[PDB]
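Chemist: I would like the atomic coordinates for the input below:
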Amino acid sequence: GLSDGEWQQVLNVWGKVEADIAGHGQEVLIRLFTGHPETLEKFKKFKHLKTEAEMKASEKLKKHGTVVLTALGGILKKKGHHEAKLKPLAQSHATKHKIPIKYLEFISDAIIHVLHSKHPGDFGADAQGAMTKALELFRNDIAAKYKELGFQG
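Modeler: Numbers count the residues shown, from 1 in each chain. See the structure here:
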């Protein structure tokens, strides 16, 4: 698992995210959608957005970014004992949204990219390593639930 120090670095940079959650959520989704257009196809509401500029102007996209990062934050703050918080997310993403684990890797990388660009003082190499591990644990645990839920992931 992650060490105490690793979780501390995760929570330290997450504090920076909480200081502007909608701006971060917007930037994460835009990075995801521009880098991986196949992921955008999973969003009925948003796949009409064909450029970064149209995405930036979408208030609905911004609100969803906040929904995503709020849920992720709740999971991260549970550190290694995140199963109760993770469970409903795994269930909805295995049934309603059908999100492959690969797409969770893509959003993990988008989060890391945005944190590197926005918060270089709180997201140096050790902090990035810690967040990488935290998001790996998130994906791994979702993948385990997907199996139970009958989704190939």
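
Chemist: contacting residues around residue 95?
Modeler: 149, 151 (Cβ atoms under 8 Å, 6 or more residues apart in numbering). (C-beta placed from N, C-alpha, C; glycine too.)

Chemist: Quick check: buried residues in whichever strand or helix holds residue 102?
Modeler: Secondary-structure assignment from DSSP states H and E places residue 102 in helix 101-118. By neighbour count on 16 or more other Cβ atoms under 10 Å, the buried set for helix 101-118 is 101, 103-104, 106-112, 114-116, 118.

Chemist: same deal with stretch 16-32?
Modeler: Of the residues in stretch 16-32, those with enough neighbours to count as buried (16+ other Cβ under 10 Å) are 17, 21, 22, 24, 25, 26, 27, 28, 29, 30, 31, 32.

Chemist: secondary structure element for the last one?
Modeler: Looking back up the chat, that one is residue 32. In this structure, residue 32 sits in helix 21-35 according to DSSP H and E.
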